[PDB]
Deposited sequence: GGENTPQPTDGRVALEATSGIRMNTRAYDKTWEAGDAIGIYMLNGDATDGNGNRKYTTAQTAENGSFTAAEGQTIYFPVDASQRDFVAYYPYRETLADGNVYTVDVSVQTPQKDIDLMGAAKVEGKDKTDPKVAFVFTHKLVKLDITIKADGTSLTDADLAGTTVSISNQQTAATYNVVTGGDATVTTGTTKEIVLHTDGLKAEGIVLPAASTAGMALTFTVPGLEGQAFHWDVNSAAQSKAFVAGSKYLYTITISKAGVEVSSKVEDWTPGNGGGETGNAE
């Protein structure tokens, strides 16, 4: 904090939630108008859920000296240049690293002034997380037989937009449907995909090298918990693979 009376924003996200260097863009608003430069770069060095953010040099947001109130919004991951009108363009074609496509928005924090400059940003994911666990039936196949299994999801939209000042939901901008290869780490696969009103036509493909590269297909819409992909949710699938085919158990959770 300065020693010549100016009151800087004290930003927090209030064990392994963030990673050192993670950056957010903050806006201080007077109604709909951006007060000063928007998209101010703030970073964290803390990993904890209650981690504090620090302004990049020359990016510090100061409260109005007249003690009038302002509102605050933020988004992750920070982009130096947004599309015209404070718009974040989503592209989920490239899955790795997951953190670089994990778009999050902080709920608007209203009516703050220099007498209480602490703003606790609560971020929510704007996209959808897929968390897949693969296991063998233990009869026709063993977990060892599934070593190297790859996972992909079909007929995906890959482009969306999000206004970082407006908040609310991301909007899918329809284009040509694509197969998205999910990131695998042993018998675990993960992905970040766009929200979808219907999962019809979407299938998970499991290519098992052990079974001479044989591919198993499973319809996402056949699961009880995923007739749609809801923004800010995590879909957990447990895939049991047998020579006769695959079986899946599903769970949906708020993504946290």
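> Walk along the deposited sequence from position 1 and note every stretch that has no C-alpha coordinates.
Going by the record, the segments left unmodelled (no C-alpha atoms) fall at 1-6, 21-28, 271-282.
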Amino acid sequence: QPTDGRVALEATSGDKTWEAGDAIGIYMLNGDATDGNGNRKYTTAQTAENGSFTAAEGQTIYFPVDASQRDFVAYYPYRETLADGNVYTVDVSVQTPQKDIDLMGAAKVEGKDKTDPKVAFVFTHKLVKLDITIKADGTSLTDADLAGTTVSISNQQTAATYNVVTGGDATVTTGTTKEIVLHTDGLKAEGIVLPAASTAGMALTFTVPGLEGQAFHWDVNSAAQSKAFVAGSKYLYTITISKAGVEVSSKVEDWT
From here on, numbers count along this sequence of modelled residues.
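> Do the CA atoms of 137-145 or those of 159-167 have the higher mean B-factor in the entry?
Mean CA B-factor is higher for 137-145.
> As stated in the PDB record, which stretch has the larger average Cα B-factor, 171-179 or 89-97?
Higher mean C-alpha B-factor in the PDB entry: 171-179.
> Using the entry's values, work out which of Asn37, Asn30, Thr60, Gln214 has the largest Cα B factor.
Highest CA B-factor of the listed options: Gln214.
> So among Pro209, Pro64, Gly191, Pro195, who wins on Cα B-factor in the entry?
The C-alpha B-factor peaks, among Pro209, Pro64, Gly191, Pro195, at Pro209.
> Which third, lowest, middle or highest, does the C-alpha temperature factor of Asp22 belong to within its own chain?
Middle third, going by the recorded CA B-factors of the chain.
> Ordered by C-alpha B-factor within the chain, which third holds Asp185? Give me lowest, middle or highest, please.
As the PDB entry reports it, the C-alpha B-factor of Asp185 lands in the highest third of its chain.
> Test of reading the entry: by CA B factor among the chain's modelled residues, which third contains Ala55?
Its C-alpha B-factor belongs to the lowest third of this chain's values.
> By the recorded C-alpha temperature factor, relative to the other modelled residues in its chain, which third is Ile239 in?
Middle third, going by the recorded CA B-factors of the chain.
> Could you say whether, by C-alpha temperature factor, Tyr42 belongs to the lowest, middle or highest third of its chain?
CA B-factor rank for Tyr42: lowest third.
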